[PDB]
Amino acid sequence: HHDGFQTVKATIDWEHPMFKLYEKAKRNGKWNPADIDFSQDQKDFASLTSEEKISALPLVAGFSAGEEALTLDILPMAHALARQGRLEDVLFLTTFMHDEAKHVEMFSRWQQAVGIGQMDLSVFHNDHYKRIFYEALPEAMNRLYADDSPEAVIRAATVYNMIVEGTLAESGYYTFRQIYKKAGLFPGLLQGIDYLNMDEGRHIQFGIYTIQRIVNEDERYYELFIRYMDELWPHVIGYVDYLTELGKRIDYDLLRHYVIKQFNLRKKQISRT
């Protein structure tokens, strides 16, 4: 039941940082996956040999499931914040959810255009990927439906925004650029990564804001954050190591360093105070 409603008793808190992020989202989130021209990606992918074709599919496999997972699995967080009456957070999170929807859309349109929609790409999800995306992500998020304690929220934001988005996805978009922008391939996909990467800059700020406002209330949660971050690293690097051993069948060692740098960069964006 609703006790009452903030916009009948008062107003939106116009100064709230998440309301300010919501405003920037509507401003900067107008791109439409449907408007991306994929006709050259179609040609590029066709003129690839069968061996140069496989090279692209693992990254794509991780993005398409990842974004679909991201779209489904933000709903518990939106629910938990709404129940706590953090209305500006909810407003913003509508833009987050609809961004992820566009992310899933873009990757699927790409698959359709280049002619692999009928192909099952689950075979490039190794155990470590499954542990993050099939299991640890929805488990941490669905927890919020019955346990919205600071500890559960910090863990949801850590898995979702700091590890999946902030470490894995940031690194894979960097990687996709590294490899394909230089080879001059898949411009429609690269336009779409570009849009996606701008969206995700907002998503991470919500994750930082959420972890930090929980840390601010009790510095003991800073150690929970660092700990959960470290608990997921083995699967982060286990997914990375698997992708490397596939591509090795392109400086993998400067991609591996970027994943590590991203991981440590996220850590340093939360302070104990």
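Numbers follow the displayed sequence, beginning with 1.
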| note | Residues of the deposited chain absent from the coordinates between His257 and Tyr258 total none
| query | Comparing 123 to 131 with 69 to 77, which stretch shows the greater average C-alpha B-factor in the deposited entry? | reply | 123 to 131
| Given the B-factors recorded for C-alpha atoms, which segment has the greater mean, 90 to 98 or 162 to 170? | 162 to 170
| message | Out of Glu52, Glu231, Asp35, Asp41, whose C-alpha atom has the biggest B factor in the entry? | response | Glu52
| field | Identity of residue with top Cα B-factor, from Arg155, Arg109, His203, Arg177 | value | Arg177
| query | What third of its chain, lowest, middle or highest, does the C-alpha temperature factor of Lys9 fall into? | reply | lowest
| task | Just say lowest, middle or highest third for the CA B-factor of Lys26 relative to the other modelled residues in its chain. | result | lowest
| field | Record-listed C-alpha B factor of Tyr242: chain third | value | highest
| task | Looking at the entry's B-factor column for C-alpha atoms only, identify whether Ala183 ranks in the lowest, middle or highest third of its chain. | result | highest
| request: Pull the Cα B-factor of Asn216 out of the PDB entry and bin it into the chain's lowest, middle or highest third. | output: highest
